[PDB]
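**Student:** this block holds the first chain(s) of the complex, placed as they are in the complex; more will follow:
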Amino acid sequence: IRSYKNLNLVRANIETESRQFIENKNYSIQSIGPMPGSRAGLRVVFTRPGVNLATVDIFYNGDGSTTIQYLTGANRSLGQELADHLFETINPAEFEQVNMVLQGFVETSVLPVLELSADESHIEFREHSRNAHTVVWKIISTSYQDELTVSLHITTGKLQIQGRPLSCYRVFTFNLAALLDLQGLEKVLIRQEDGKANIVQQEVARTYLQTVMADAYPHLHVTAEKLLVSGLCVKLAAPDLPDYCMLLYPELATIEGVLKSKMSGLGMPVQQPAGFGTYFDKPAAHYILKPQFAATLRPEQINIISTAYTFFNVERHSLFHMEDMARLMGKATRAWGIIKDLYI
């Protein structure tokens, strides 16, 4: 049916997006102006040779949202075109809100996660409120207009996450995945409460994972294998969803927890402020090693590590900014191939 009320629309674009739409359809502007009367908003009257006058109202509601009113005037079928265009200027995920509770966190365990998330560019976090019972932080996307509210009840150790599954949610849970248990990781990856990844036979999934990495399996770091097995359980137990692009977190994060492990193992430690950019270059669409440090290594390891970091950064970026199931599983198989190749 699709509803047009209470939309999180970019306010400053509302007018321009319309003129660039009507000229896009070779219509004619009658009048574009602020709504008459004590209501705030925008009345757009426009039409085209052959039909009637389309009138569209746009109320700016009190909470920052934007309600479209296309059922008015003399031509509604023509206002619904503008309504559908503007409605489709919004990322679909914005129609979902998340409000979930993870268990077992303190200030000294959460503060580094917000710190690491804010080490990203389009991410800032500030302390919002605090009392004896609760400390609440706000994460803001400078690029978009998305905010994410993290409320830590210290008196019980409960971390409450509220907001929208946009860039902020994805960056924060990516930095969070290294700490979560099985049920917490499930809860953040599928955004549903009663997942069933716990009832997965860890032995059969372990046989799977051992099957994928042939000779590299007995040399696997346990901090990588536990997370990959958990993530595989998550992949297996997920119910129907529209977008599974988020279920790659187990592998991606693991790659980090392994790349950091081999990078520093060959004279390239990832310092906390330095990060990864201080070690790699981007030629085209395939990041390579800085030649100063690539010269000391065999070309095999060079190509392996280059493909690894390129994959990591490309997929992380395309998951942070929102570029169904077979595609995800193939990407996961590629990630597993990379992880196996890292081990000689």
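**Tutor:** Yep, it's here. Numbering: from 1, shown residues only, chains lettered A, B, ... in the order given.

**Student:** what ranges do the helices span in the stretch 101-250 of chain A?
**Tutor:** Under the criterion DSSP state H, counting those that start in this stretch, the stretch 101-250 of chain A contains helices at A:107-118, A:167-176, A:182-190, A:202-212, A:222-237, A:249-263.

**Student:** so which of those helices is nearest residue A:101?
**Tutor:** Checking the helices of the stretch 101-250 of chain A against residue A:101 by CB to CB gives helix A:182-190 as the closest, at 8.6 Å. (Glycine included, C-beta is placed from N, CA and C.)

**Student:** then the closest one to PDB, C-alphas only?
**Tutor:** Extracted C-alpha coordinates of helix A:182-190, given in PDB (Å, rounded to 0.1, in the frame of the first residue of the first chain):
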ATOM      1  CA  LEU A 182      26.900 -16.200  20.500                       C
ATOM      2  CA  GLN A 183      23.400 -14.900  21.300                       C
ATOM      3  CA  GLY A 184      24.500 -11.300  21.300                       C
ATOM      4  CA  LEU A 185      26.200 -11.600  17.900                       C
ATOM      5  CA  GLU A 186      23.000 -13.200  16.600                       C
ATOM      6  CA  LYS A 187      20.900 -10.400  18.100                       C
ATOM      7  CA  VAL A 188      23.000  -7.700  16.400                       C
ATOM      8  CA  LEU A 189      23.400  -9.500  13.100                       C
ATOM      9  CA  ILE A 190      19.700 -10.400  12.400                       C
END
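
**Student:** and the angle for that helix with helix A:249-263?
**Tutor:** Between helix A:182-190 and helix A:249-263, the angle comes out at 110 degrees (axes from the mean of the first three to the mean of the last three CA atoms, to 10 degrees).

**Student:** what about the strands in the stretch 1-150 of chain A?
**Tutor:** Applying DSSP state E, counting those that start in this stretch to the stretch 1-150 of chain A gives strands spanning A:28-34, A:41-47, A:54-59, A:67-69, A:98-103, A:123-130, A:134-141, A:147-153.

**Student:** now for the second one, which elements pack on it?
**Tutor:** This means strand A:41-47. With contacts taken as 3 or more CB pairs under 8 Å, 6 or more residues apart in numbering; DSSP states H and E, strand A:41-47 sits against helix A:14-22, strand A:28-34, strand A:54-59, helix A:76-88.

**Student:** got the CA coordinates for the helix or strand containing residue A:330 in CSV?
**Tutor:** Here residue A:330 sits within helix A:325-342, counting by DSSP states H and E. The C-alpha trace of helix A:325-342 is given here as CSV (Å, rounded to 0.1, in the frame of the first residue of the first chain):
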residue,chain,number,x,y,z
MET,A,325,21.4,-15.0,0.1
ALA,A,326,23.5,-16.9,-2.5
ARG,A,327,25.4,-13.6,-3.1
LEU,A,328,26.2,-13.4,0.7
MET,A,329,27.3,-17.0,0.8
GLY,A,330,29.6,-16.6,-2.2
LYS,A,331,31.2,-13.5,-0.6
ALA,A,332,31.6,-15.5,2.6
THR,A,333,33.3,-18.3,0.7
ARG,A,334,35.7,-15.8,-0.8
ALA,A,335,36.5,-14.5,2.7
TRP,A,336,37.2,-18.0,3.8
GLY,A,337,39.6,-18.6,0.9
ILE,A,338,41.5,-15.5,1.9
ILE,A,339,41.7,-16.5,5.5
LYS,A,340,43.0,-19.9,4.6
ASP,A,341,45.6,-18.4,2.2
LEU,A,342,46.9,-16.2,5.1
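
**Student:** who are the packing partners of that helix?
**Tutor:** Using 3+ CB pairs under 8 Å, 6+ apart: helix A:325-342 touches helix A:202-212, helix A:222-237, helix A:249-263, helix A:299-320.

**Student:** can you redo those as TSV with mean neighbour count?
**Tutor:** TSV is the format used below for these (neighbours: other CB atoms under 10 Å):
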stretch	mean neighbour count
helix A:202-212	13
helix A:222-237	19
helix A:249-263	20
helix A:299-320	17
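
**Student:** add one more, call it chain B:
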Amino acid sequence: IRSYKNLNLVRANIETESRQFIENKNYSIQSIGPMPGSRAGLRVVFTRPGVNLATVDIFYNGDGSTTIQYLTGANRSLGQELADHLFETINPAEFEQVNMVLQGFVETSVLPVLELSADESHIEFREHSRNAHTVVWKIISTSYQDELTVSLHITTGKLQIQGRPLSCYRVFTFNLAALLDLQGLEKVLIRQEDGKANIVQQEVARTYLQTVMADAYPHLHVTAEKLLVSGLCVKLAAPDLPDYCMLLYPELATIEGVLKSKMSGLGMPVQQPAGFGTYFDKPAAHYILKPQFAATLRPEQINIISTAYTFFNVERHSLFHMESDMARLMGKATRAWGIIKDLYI
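**Tutor:** Just below you will find chain B, in place on the chains above:
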């Protein structure tokens, strides 16, 4: 913390099984004889130098069971030894009863399965009762003393299985598995009602099977892949059990539905009465082809088909006669996957 009442003990062995215990312990027999009165059974009084007289009574109940009474006489610490020996001569599975209902069956869909089941040695099936609503058959293991009650309500098409998960149950469900959908197969493999195989991502299990079967995946018998993926979902969704040796049925049946397909596909059709024995000999627990038919094929096929039939029959035989719990099953399944892959050129 076990109880000794209502045991399905092999009656004619009850006494013999006992003496080879008492002589085994260099104990001494006081008296072994039938109990007084209208009860049938056996009273065993024995002891050894150093202790008191142990008395063990054994009543033969009316339903075929056997109640042991070791809390009698002057010595219980010694009577419980004999009682525990007799109690441990029984396969543990006899202590479970199954009573389940499968959906979607008619008379003509069950009869060929009972015929295929009765093609076995220690398995018989007979029509027990019949009315307008329900026809009930009894499967009997002549070897053991296990019976299985199969009750088909035609008015709704519901097949009820009652009894014990012993040899009869295992043979019947193996000949039945090729027909079942996913949830019926789960119901027979875990013997529980609220299994969770339906909520398994069939796509991830499909990726798993595609990983294991390299080139044989685009060459797969489709009726084999449906059953294999179903069984993989069941394997992944199964709750904790004592014996997982039974969750291997998906691969085994597949091999049959493939061997029969390639056997006949290479000039060796498996007739219904003839079976598979018409093509192989058994030297040393590793079935080989009769040279008569191995000579007509390239040396490649000989070892593959021989190892395939050898593995199938070994595992089926050890499952019909009850020889980590889950790692064991997964390793057996990995070998089965290697075999199924090698069967496809």
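
**Student:** revisit what packs on helix A:325-342 given that chain B is now included?
**Tutor:** helix A:202-212, helix A:222-237, helix A:249-263, helix A:299-320, helix B:202-212 (3 or more CB pairs under 8 Å, 6 or more residues apart in numbering or on different chains; DSSP states H and E).

**Student:** in it, what counts as buried?
**Tutor:** Judged by neighbour count using 16 or more other CB atoms under 10 Å in any protein chain shown, the buried positions of helix A:325-342 are A:325, A:328-329, A:331-332, A:335-336, A:338-342.

**Student:** could you do stretch A:239-250 as well?
**Tutor:** Here stretch A:239-250 shows A:244-250 as buried, counting by 16+ other CB under 10 Å.

**Student:** which positions in chain A make contact with chain B?
**Tutor:** A:196, A:199-201, A:203-205, A:207-208, A:211-212, A:235-239, A:325-326, A:329, A:333 (CB under 8 Å from any CB of the partner chain).

**Student:** can you pull the contacts of the spatially closest residue to residue A:105 that is not a sequence neighbour?
**Tutor:** Nearest residue to residue A:105 in three dimensions, chain neighbours excluded: residue A:159, at 4.5 Å (CB to CB, 6 or more residues apart in numbering or on different chains). By CB atoms under 8 Å, 6 or more residues apart in numbering or on different chains, the residues touching residue A:159 are A:101-105, A:110, A:150-153.

**Student:** can you select the buried ones from the residues you listed in ChimeraX?
**Tutor:** Applying 16+ other CB under 10 Å to the contacts of residue A:159, the buried members can be selected in ChimeraX as follows:
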select /A:102,105,110,150,151,152
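
**Student:** how far does stretch A:132-150 sit from the chain's center?
**Tutor:** 15 Å (CA atoms, centre = their mean, to the nearest Å).

**Student:** just the buried residues of that stretch, please?
**Tutor:** A:135-141, A:144, A:146, A:148-150.

**Student:** and for stretch A:30-46?
**Tutor:** Buried residues in stretch A:30-46 (16+ other CB under 10 Å): A:35, A:41-46.

**Student:** what about the residue nearest in space to the middle of chain A, distance to chain B?
**Tutor:** Nearest to the geometric centre of chain A sits residue A:170, at 3.2 Å (CA atoms, centre = their mean). For residue A:170, the distance to chain B equals 22 Å [CB to the nearest CB, to the nearest Å].

**Student:** contact partners for the most far-flung residue of chain A relative to its centre?
**Tutor:** Distance from the C-alpha centroid of chain A peaks at residue A:50, with 45.0 Å (CA atoms, centre = their mean). Listed by CB under 8 Å, 6+ apart, the contact set of residue A:50 is empty.

**Student:** and it, its phi and psi?
**Tutor:** For residue A:50, the backbone dihedrals (degrees, to the nearest 10) come out as phi 130, psi -20.

**Student:** okay, now the residue in the stretch 1-150 of chain A that chain B sits nearest to: neighbour count?
**Tutor:** Residue nearest to chain B within the stretch 1-150 of chain A: residue A:100 (20.6 Å; CB to the nearest CB). Neighbour count for residue A:100, taken as other CB atoms under 10 Å in any protein chain shown: 14.

**Student:** list the buried residues for stretch A:154-164?
**Tutor:** Buried, per 16+ other CB under 10 Å, within stretch A:154-164: A:154, A:159, A:161, A:163-164.

**Student:** residue A:314 is in contact with residue A:255, correct?
**Tutor:** No: in this structure residue A:255 lies outside contact range of residue A:314 using CB atoms under 8 Å: 11.7 Å.

**Student:** wait, what's in contact with the nearest residue to residue A:110 once chain neighbours are set aside?
**Tutor:** Leaving aside its sequence neighbours, residue A:110 sits nearest to residue A:152 (CB to CB, 6+ apart; 5.8 Å). Going by CB under 8 Å, 6+ apart, residue A:152 touches A:105-107, A:110, A:134-137, A:158-160.

**Student:** and if you look at residue A:81?
**Tutor:** Counted by CB under 8 Å, 6+ apart, residue A:81 has contacts residue A:25.

**Student:** quick check: beta-bridge partners of residue A:43?
**Tutor:** residue A:33, residue A:57 (DSSP bridges).
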